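Below, in structure tokens: the form solved without benzoyl coenzyme A, a single chain.
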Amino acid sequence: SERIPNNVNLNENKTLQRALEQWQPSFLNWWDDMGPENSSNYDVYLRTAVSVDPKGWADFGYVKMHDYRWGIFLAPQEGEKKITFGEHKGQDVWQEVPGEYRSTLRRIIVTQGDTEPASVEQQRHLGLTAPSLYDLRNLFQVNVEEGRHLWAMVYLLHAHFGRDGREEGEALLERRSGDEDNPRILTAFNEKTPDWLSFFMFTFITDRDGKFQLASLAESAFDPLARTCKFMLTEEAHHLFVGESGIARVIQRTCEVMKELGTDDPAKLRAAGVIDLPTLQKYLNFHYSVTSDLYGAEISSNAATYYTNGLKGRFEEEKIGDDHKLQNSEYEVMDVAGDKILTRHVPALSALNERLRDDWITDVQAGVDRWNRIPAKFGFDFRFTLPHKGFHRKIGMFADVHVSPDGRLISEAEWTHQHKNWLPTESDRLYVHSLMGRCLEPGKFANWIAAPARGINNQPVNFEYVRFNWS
């Protein structure tokens, strides 16, 4: 082992190596303060990336999380990679950041960076109510990887953004989720993640915004960014898995109990300590709509310049069958006109945020379809659905207006009186919270969630995924 593991020959740039070694103790201070509560002396069975070979790239073993081997890993550098979109299509990719784009790319990197520790800060208390050792370990695995994502971006800042990059790396540790004076940059990352149902939805829906922002940055003309993100997407895949199967196992458990009691009635299901499917639907509505705001205004001149200038491409840019310049292309978006929601066509360049939002909607929907297999398998009519994209939005054309899940423009009064049916109430949040009792004995699961289909790294489900050191 080296002090900072990496596949970018950090060793051979002494100035850069020392700058990051200077930042490391500060990162570790942040981990000890805002990382998982009371965990400094736990041994956790964790995956650690040591390399990038797709055949095997990650060690498994017990480690105390303070000692986790956070490292910098980029996808391998391609020979003569060309810029695939925008005014610079056809030219060589960039190894350094051009002056004209320096501050724009900095803000992109910093904003992506900021969401990483924000997630850990939002989730630091969750361990104390973990429904199983398996689940606690998953939480911790997500947490250390979000840590590594902070390292991924701070590396770029130090390596390619000089003085202010150094300053940005500091400031990334000084802002704090929900803080009054130094809050994190985006609204979704200052929200409470108050329980494990929210956590699974977060990693299912909001980490998915991560997926799509990263996939777009993975196309970037700025190739060190591109390569950082390509790898990060592999990590994000694990986070989405935790979320999707989290909720699946909760739905499984609720369905088991609906069959077992021969009933549908929320009151009865809640007497038995499960989360009724309609309440789950409200949580889906909440996280979905709040996350949708992160993609930005549907129509936006800034997104257009990030494409044209080669900074940020579309999701799976190279598969799309067009000119990859888009000056003469169109895209269909919605439009609020009077008391009706219509559609119209706009220049493709101005609707890139909406395209990426639409791509993310599709991906979330495929997951909702998979969840719906469960009640179908039980012969139940219940289906999860996604609300109309304008529902419960604070960013974009729907910001100053209200839309029901089924896509009706509704008055302020209707919203006030009906939204208790569509988003979690205090009562619903208190009920879900009341089920959150920790359960730490090997192979056992809190009554509100089912056992997973399998373990981790081929260990059995009743493996001792976390040792606390009493035993």
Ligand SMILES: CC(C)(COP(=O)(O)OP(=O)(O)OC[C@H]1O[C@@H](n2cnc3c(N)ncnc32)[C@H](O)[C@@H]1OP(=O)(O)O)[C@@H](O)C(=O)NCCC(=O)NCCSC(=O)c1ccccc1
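Numbers for residues come from their place in the sequence shown, where the first is 1.
Comparing the deposited coordinates for 196-204 and 163-171, the stretch with the larger average C-alpha B-factor is 163-171. Stretch comparison (100-108 versus 255-263) by mean CA B-factor in the PDB entry places 255-263 on top. Looking at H402, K420, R47, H433, the one whose CA carries the top B-factor in the deposited record is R47. Ranked by C-alpha B-factor against the other modelled residues of its chain, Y283 falls in the lowest third.
The entry lists a Cα temperature factor for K268 that places it in the highest third of the chain's modelled residues. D276 sits in the middle third of its chain by CA B factor, as recorded in the PDB entry. In this PDB entry, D428 carries a Cα temperature factor that places it within the middle third of its chain's modelled residues. In the deposited entry, the Cα temperature factor of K312 sits in the bottom third of values across the chain's modelled residues.
A second form of this protein, the form deposited with benzoyl coenzyme A bound, is not displayed here; the remarks below concern that form.
Screening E354, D207, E219, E121 for any heavy atom within 4.5 Å of benzoyl coenzyme A in the bound PDB entry leaves a single hit, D207. A single residue from the set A297, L173, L139, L240 has any heavy atom within 4.5 angstroms of benzoyl coenzyme A in the bound PDB entry; that residue is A297. Using a 4.5 angstroms heavy atom cutoff to benzoyl coenzyme A in the bound PDB entry, all of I108, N302 and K312 count as contacting. Within this chain, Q281 is remote from the site of benzoyl coenzyme A in the bound PDB entry, having no heavy atom within 4.5 Å. Shown alone here, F382 lies farther than 4.5 Å from benzoyl coenzyme A in the bound PDB entry, counting heavy atoms only. Interface membership of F161, defined by any non-hydrogen atom within 4.5 Å of benzoyl coenzyme A in the bound PDB entry, is ruled out. In the bound PDB entry, at least one heavy atom of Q213 sits within 4.5 Å of a heavy atom of benzoyl coenzyme A. Of the candidate stretches 183-191, 332-340, 92-100, 71-79, only 183-191 contains residues with a heavy atom within 4.5 Å of benzoyl coenzyme A in the bound PDB entry.
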